[PDB]
Amino acid sequence: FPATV
Amino acid sequence: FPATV
Amino acid sequence: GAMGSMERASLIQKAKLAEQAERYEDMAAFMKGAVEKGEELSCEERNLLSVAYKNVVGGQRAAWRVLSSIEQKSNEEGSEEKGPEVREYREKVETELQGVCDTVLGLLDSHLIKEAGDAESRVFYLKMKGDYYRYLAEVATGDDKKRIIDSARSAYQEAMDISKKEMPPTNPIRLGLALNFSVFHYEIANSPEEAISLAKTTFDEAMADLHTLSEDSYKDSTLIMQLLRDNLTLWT
Amino acid sequence: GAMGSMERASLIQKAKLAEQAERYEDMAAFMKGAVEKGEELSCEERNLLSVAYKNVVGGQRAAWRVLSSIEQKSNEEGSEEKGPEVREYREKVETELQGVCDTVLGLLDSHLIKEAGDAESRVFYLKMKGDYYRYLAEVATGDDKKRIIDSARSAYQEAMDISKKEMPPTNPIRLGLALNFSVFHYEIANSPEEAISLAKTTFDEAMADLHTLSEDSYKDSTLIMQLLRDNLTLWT
Ligand SMILES: *CC(=O)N1CCC2(CC1)CC(CNC(=O)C1(Nc3ccc(Cl)cc3)CCOCC1)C2
Ligand SMILES: *CC(=O)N1CCC2(CC1)CC(CNC(=O)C1(Nc3ccc(Cl)cc3)CCOCC1)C2
Ligand SMILES: [Mg+2]
Ligand SMILES: [Mg+2]
Ligand SMILES: [Mg+2]
Ligand SMILES: [Mg+2]
Ligand SMILES: [Mg+2]
Ligand SMILES: [Mg+2]
């Protein structure tokens with residue numbers, strides 16, 4: 001899964 | 001801390 | 001609410017303790033209580049709110065993905081019929097996840113967003129609104145799915161517009177917003193080209209503005225820039 | 001109870017799903033519901049019960065230790081007075097921990113232990129009873145502290161006596177019981193020599209019986225033997 005903050 | 005199961 | 005009798009300052013103090021103890025449900029309940037005192041939140045307080053709920057919903061999402069995967073495998077050819085239990089339990093976790101999302105969106109709507117006049121506060125809250133509609137979108141399968149997706153898009157878009165006008169390209173909130181909106185495009189809106197374009201443009205515009213920063217600000221900005229690069233590497 | 005309307009088999013199925021999703025609170029609630037159906041538990045079911053509650057209380061203990069440490073530092077010389085909040089929150093976590101322990105002890109007393117006639121089931125449940133009194137002991141500071149410690153000792157002792165008579169020295173339940181009773185001696189009863197003696201004798205007696213085992217049983221037993229050795233290394 002892609003990075004989110 | 002020591003091991004317990 | 002059960003935190004109605006506790007001092008705002010004590011709620012904030014306890015949220016910090018909860019974070020240290022990795023008790024994110026408690027942390028969220030304390031921050032909810034703090035928000036419901038009705039005063040605006042500081043930068044640090046906004047961070048505590050976001051950290052708390054990001055961790056809670058993050059755990060829910062991970063669990064939902066495990067269960068959804070098991071459920072999908074159950075409905076494959078040759079798979080033995082095990083009854084309603086997998087669907088039921090996935091639904092239980094889903095309903096809980098939705099409840100948390102609704103809680104956060106509720107706080108944003110009553111009344112954090114309407115009182116947020118500074119770029120940093122308004123962008124941060126609208127980013128959060130985007131995020132929690134995105135989490136709703138991840139589990140949505142019904143009549144309102146398109147409207148959920150649009151609610152996320154609309155919140156992210158307003159945050160984007162303000163951030164472009166009011167914040168430097170290296171501002172960590174602007175960067176984090178762009179990172180997440182890019183993921184929205186890729187994972188939710190079926191727009192991988194929009195996602196890649198946004199990530200790249202955001203990265204490049206930040207690069208160009210790094211020269212203006214102190215060592216500490218440089219560290220902050222480049223940390224999030226690396227996440228943009230990580231996603232680009234994943235997607236290309 | 002809220003699980004009263006759900007089939008025993010469905011509760012067990014969902015406990016397994018919860019484990020896969022690392023949802024240990026759910027896992028525990030499902031296993032509680034299963035126990036409350038009133039039928040004896042199988043070996044696998046006993047494991048699900050223990051895993052669920054070990055993880056829940058394990059998280060509580062870790063949190064309590066973080067908070068207790070912060071609280072102890074607050075009451076050192078020169079430390080600034082920050083108010084009742086650290087004590088209050090430590091007490092909140094403590095009260096929750098105690099509630100979980102009481103819940104497990106309740107299940108054991110009503111009526112898992114009294115119906116457990118086989119060595120493996122009776123020893124496993126008495127070990128659990130020892131464990132959950134030991135967790136109560138970790139946080140106890142009052143009039144009943146000595147009685148809590150004795151309740152743990154008594155449960156472990158009965159389990160020890162049965163295990164020595166009815167089980168081989170390599171039996172994983174016998175080994176796990178000995179491991180934990182040894183830790184009880186070291187950490188709770190202020191008896192480090194008893195702890196070391198028990199660990200060593202248990203290790204050596206198991207070593208001597210390894211020749212009787214299959215490859216799979218050998219793996220099972222040696223895994224727990226290594227934990228005994230780990231503790232001995234820590235304590236000597
Ligand atoms: C002034 C204000 O509103 N602030 C809230 C948001 C900040 C700045 C102050 C606190 C937060 C610190 N977090 C990180 O640097 C980081 N995570 C996030 C999370 C959310 C956003 Cl919008 C940006 C960055 C920690 C984990 O690694 C990534 C950076 C920014
Ligand atoms: C028949 C019966 O009552 N059983 C319950 C206990 C067992 C055997 C079957 C299942 C459990 C498997 N666990 C491990 O091998 C291990 N943890 C434990 C936990 C509790 C005890 Cl008493 C022994 C071992 C897994 C984690 O590493 C250590 C071993 C034994
Ligand atoms: Mg007040
Ligand atoms: Mg649903
Ligand atoms: Mg554009
Ligand atoms: Mg039935
Ligand atoms: Mg107390
Ligand atoms: Mg002896």
# chains A, B, ... in the order shown; residues from 1 in each chain; ligands from 1
call {"tool": "select_by_dssp", "arguments": {"residues": "segment 21-234 of chain D", "states": "alpha helix (DSSP H)", "output": "ChimeraX atom specification"}}
result
/D:24-35,43-74,85-107,113-115,119-139,145-166,172-183,192-207,215-234
call {"tool": "write_last_selection", "arguments": {"atoms": "C-alpha atoms", "output": "compact mmCIF listing (two decimals), in the first residue's frame"}}
result
# COMPACT_ATOMS: atom_id res chain seq x y z
CA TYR D 24 -7.47 -9.55 20.45
CA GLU D 25 -10.24 -7.70 22.33
CA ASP D 26 -12.80 -9.14 19.88
CA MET D 27 -11.05 -12.53 20.11
CA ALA D 28 -11.40 -12.46 23.90
CA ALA D 29 -15.07 -11.43 23.80
CA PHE D 30 -15.83 -14.27 21.39
CA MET D 31 -13.97 -16.82 23.55
CA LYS D 32 -15.74 -15.55 26.69
CA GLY D 33 -19.06 -16.13 24.89
CA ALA D 34 -17.91 -19.63 23.90
CA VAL D 35 -16.93 -20.51 27.47
CA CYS D 43 -7.21 -28.25 23.46
CA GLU D 44 -7.44 -25.87 20.49
CA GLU D 45 -10.29 -23.88 22.14
CA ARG D 46 -8.29 -23.57 25.42
CA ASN D 47 -5.41 -22.16 23.33
CA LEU D 48 -7.71 -19.60 21.67
CA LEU D 49 -8.97 -18.47 25.09
CA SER D 50 -5.44 -18.11 26.48
CA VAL D 51 -4.05 -16.35 23.39
CA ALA D 52 -6.89 -13.83 23.35
CA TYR D 53 -6.60 -12.79 27.01
CA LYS D 54 -2.76 -12.99 27.10
CA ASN D 55 -2.62 -10.41 24.30
CA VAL D 56 -5.26 -8.12 25.84
CA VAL D 57 -3.73 -8.13 29.33
CA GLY D 58 -0.21 -8.02 27.84
CA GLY D 59 -1.03 -4.69 26.20
CA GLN D 60 -2.56 -3.42 29.44
CA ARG D 61 0.57 -4.44 31.45
CA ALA D 62 2.89 -2.71 28.97
CA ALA D 63 0.80 0.47 29.20
CA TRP D 64 0.62 0.30 33.00
CA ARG D 65 4.45 -0.02 33.19
CA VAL D 66 4.91 3.07 30.99
CA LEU D 67 2.50 5.08 33.15
CA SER D 68 3.86 3.75 36.47
CA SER D 69 7.38 4.77 35.40
CA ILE D 70 6.21 8.31 34.53
CA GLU D 71 4.38 8.46 37.88
CA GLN D 72 7.45 7.34 39.85
CA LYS D 73 9.59 10.01 38.12
CA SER D 74 6.97 12.67 39.02
CA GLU D 85 -3.49 13.40 35.95
CA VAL D 86 -0.64 10.85 35.78
CA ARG D 87 -1.99 8.97 38.86
CA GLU D 88 -5.56 9.19 37.50
CA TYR D 89 -4.67 7.76 34.08
CA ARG D 90 -2.42 5.01 35.61
CA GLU D 91 -5.41 4.17 37.86
CA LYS D 92 -7.72 4.04 34.83
CA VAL D 93 -5.45 1.59 33.01
CA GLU D 94 -4.97 -0.37 36.25
CA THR D 95 -8.73 -0.66 36.87
CA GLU D 96 -9.20 -1.94 33.28
CA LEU D 97 -6.39 -4.47 33.71
CA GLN D 98 -7.93 -5.67 36.99
CA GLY D 99 -11.31 -5.99 35.27
CA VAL D 100 -9.88 -8.23 32.54
CA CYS D 101 -8.07 -10.36 35.16
CA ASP D 102 -11.30 -10.71 37.17
CA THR D 103 -13.15 -11.68 33.99
CA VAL D 104 -10.67 -14.48 33.19
CA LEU D 105 -10.57 -15.69 36.81
CA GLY D 106 -14.37 -15.64 36.73
CA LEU D 107 -14.47 -17.94 33.71
CA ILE D 113 -11.63 -25.64 36.51
CA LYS D 114 -14.30 -27.69 38.36
CA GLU D 115 -15.17 -29.63 35.15
CA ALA D 119 -4.36 -33.55 33.51
CA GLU D 120 -3.78 -31.37 30.42
CA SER D 121 -6.98 -29.33 30.85
CA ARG D 122 -6.74 -28.99 34.67
CA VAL D 123 -3.04 -28.00 34.60
CA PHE D 124 -3.59 -25.49 31.77
CA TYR D 125 -6.52 -23.79 33.63
CA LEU D 126 -4.67 -23.72 36.96
CA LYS D 127 -1.65 -22.24 35.17
CA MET D 128 -4.00 -19.55 33.81
CA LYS D 129 -5.36 -18.94 37.30
CA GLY D 130 -1.76 -18.50 38.56
CA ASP D 131 -1.00 -16.12 35.68
CA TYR D 132 -4.05 -13.83 36.17
CA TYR D 133 -3.46 -13.64 39.98
CA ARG D 134 0.22 -12.83 39.13
CA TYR D 135 -0.97 -9.89 36.92
CA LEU D 136 -3.21 -8.69 39.79
CA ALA D 137 -0.14 -9.01 42.07
CA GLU D 138 1.96 -6.82 39.76
CA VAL D 139 -0.36 -3.84 40.45
CA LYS D 145 -1.65 -7.98 48.24
CA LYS D 146 -0.33 -10.93 50.27
CA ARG D 147 -3.59 -12.89 49.66
CA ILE D 148 -3.36 -12.15 45.89
CA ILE D 149 0.24 -13.44 45.85
CA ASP D 150 -0.83 -16.53 47.77
CA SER D 151 -3.74 -17.16 45.37
CA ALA D 152 -1.26 -17.15 42.48
CA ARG D 153 1.20 -19.43 44.39
CA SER D 154 -1.61 -21.86 45.36
CA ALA D 155 -2.92 -22.18 41.79
CA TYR D 156 0.62 -22.67 40.34
CA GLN D 157 1.43 -25.20 43.10
CA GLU D 158 -1.63 -27.38 42.41
CA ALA D 159 -0.82 -27.26 38.68
CA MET D 160 2.79 -28.21 39.48
CA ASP D 161 1.73 -31.16 41.64
CA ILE D 162 -0.62 -32.56 38.96
CA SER D 163 1.86 -31.96 36.13
CA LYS D 164 4.66 -33.82 37.98
CA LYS D 165 2.40 -36.84 38.59
CA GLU D 166 0.49 -36.99 35.28
CA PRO D 172 4.77 -28.17 26.70
CA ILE D 173 2.04 -27.35 29.28
CA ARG D 174 4.28 -28.66 32.13
CA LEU D 175 7.17 -26.64 30.67
CA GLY D 176 5.12 -23.45 30.25
CA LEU D 177 3.71 -23.77 33.77
CA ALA D 178 7.23 -24.17 35.21
CA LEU D 179 8.53 -21.24 33.17
CA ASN D 180 5.78 -18.95 34.53
CA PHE D 181 5.89 -20.20 38.16
CA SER D 182 9.66 -19.59 38.04
CA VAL D 183 8.97 -15.98 36.93
CA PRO D 192 15.17 -15.56 42.98
CA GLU D 193 16.89 -18.76 44.20
CA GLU D 194 13.57 -20.68 43.99
CA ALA D 195 13.10 -19.25 40.49
CA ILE D 196 16.56 -20.28 39.29
CA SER D 197 16.33 -23.74 40.91
CA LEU D 198 12.93 -24.39 39.30
CA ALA D 199 14.07 -23.21 35.84
CA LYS D 200 17.24 -25.32 35.98
CA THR D 201 15.58 -28.51 37.28
CA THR D 202 12.76 -28.18 34.73
CA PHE D 203 15.27 -27.65 31.88
CA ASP D 204 17.46 -30.59 32.92
CA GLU D 205 14.57 -33.03 33.43
CA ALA D 206 13.18 -32.11 30.01
CA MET D 207 16.59 -32.54 28.36
CA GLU D 215 10.70 -34.48 15.55
CA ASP D 216 7.56 -32.33 15.95
CA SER D 217 7.27 -32.92 19.73
CA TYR D 218 11.05 -32.21 20.03
CA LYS D 219 10.53 -28.83 18.30
CA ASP D 220 7.62 -27.97 20.64
CA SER D 221 9.51 -28.87 23.83
CA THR D 222 12.87 -27.32 22.92
CA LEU D 223 11.18 -24.01 22.03
CA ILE D 224 10.00 -23.65 25.65
CA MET D 225 13.27 -25.07 27.01
CA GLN D 226 15.06 -22.17 25.27
CA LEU D 227 12.85 -19.70 27.17
CA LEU D 228 13.89 -21.37 30.46
CA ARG D 229 17.56 -20.99 29.37
CA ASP D 230 16.88 -17.35 28.36
CA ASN D 231 15.59 -16.57 31.86
CA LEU D 232 18.48 -18.43 33.55
CA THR D 233 20.92 -16.37 31.44
CA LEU D 234 19.14 -13.17 32.51
call {"tool": "interface_residues", "arguments": {"of": "chain B", "to": "chain D", "cutoff": "6 Å", "atoms": "only C-alpha atoms", "output": "list in words"}}
result
residues 2, 4 and 5 of chain B
call {"tool": "residues_near_ligand", "arguments": {"ligand": "ligand 6", "cutoff": "9 Å", "atoms": "only C-alpha atoms and all ligand atoms", "output": "MDAnalysis selection string"}}
result
chainID D and resid 5:9 37
call {"tool": "write_last_selection", "arguments": {"atoms": "N, CA, C and O atoms", "output": "tab-separated table (two decimals), in the first residue's frame"}}
result
chain	number	residue	atom	x	y	z
D	5	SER	N	-26.65	-14.90	22.02
D	5	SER	CA	-27.43	-15.27	20.84
D	5	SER	C	-26.62	-15.92	19.72
D	5	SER	O	-27.20	-16.37	18.74
D	6	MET	N	-25.29	-15.96	19.84
D	6	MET	CA	-24.45	-16.51	18.78
D	6	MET	C	-24.07	-17.96	19.06
D	6	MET	O	-23.73	-18.30	20.19
D	7	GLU	N	-24.10	-18.79	18.01
D	7	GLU	CA	-23.74	-20.19	18.08
D	7	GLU	C	-22.33	-20.36	18.61
D	7	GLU	O	-21.44	-19.59	18.28
D	8	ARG	N	-22.13	-21.37	19.46
D	8	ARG	CA	-20.79	-21.72	19.98
D	8	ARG	C	-19.80	-21.82	18.81
D	8	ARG	O	-18.72	-21.24	18.92
D	9	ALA	N	-20.15	-22.56	17.76
D	9	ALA	CA	-19.25	-22.82	16.66
D	9	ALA	C	-18.89	-21.53	15.93
D	9	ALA	O	-17.76	-21.35	15.46
D	37	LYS	N	-21.17	-20.75	27.06
D	37	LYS	CA	-22.11	-21.76	26.59
D	37	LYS	C	-22.19	-22.95	27.54
D	37	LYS	O	-23.15	-23.71	27.49
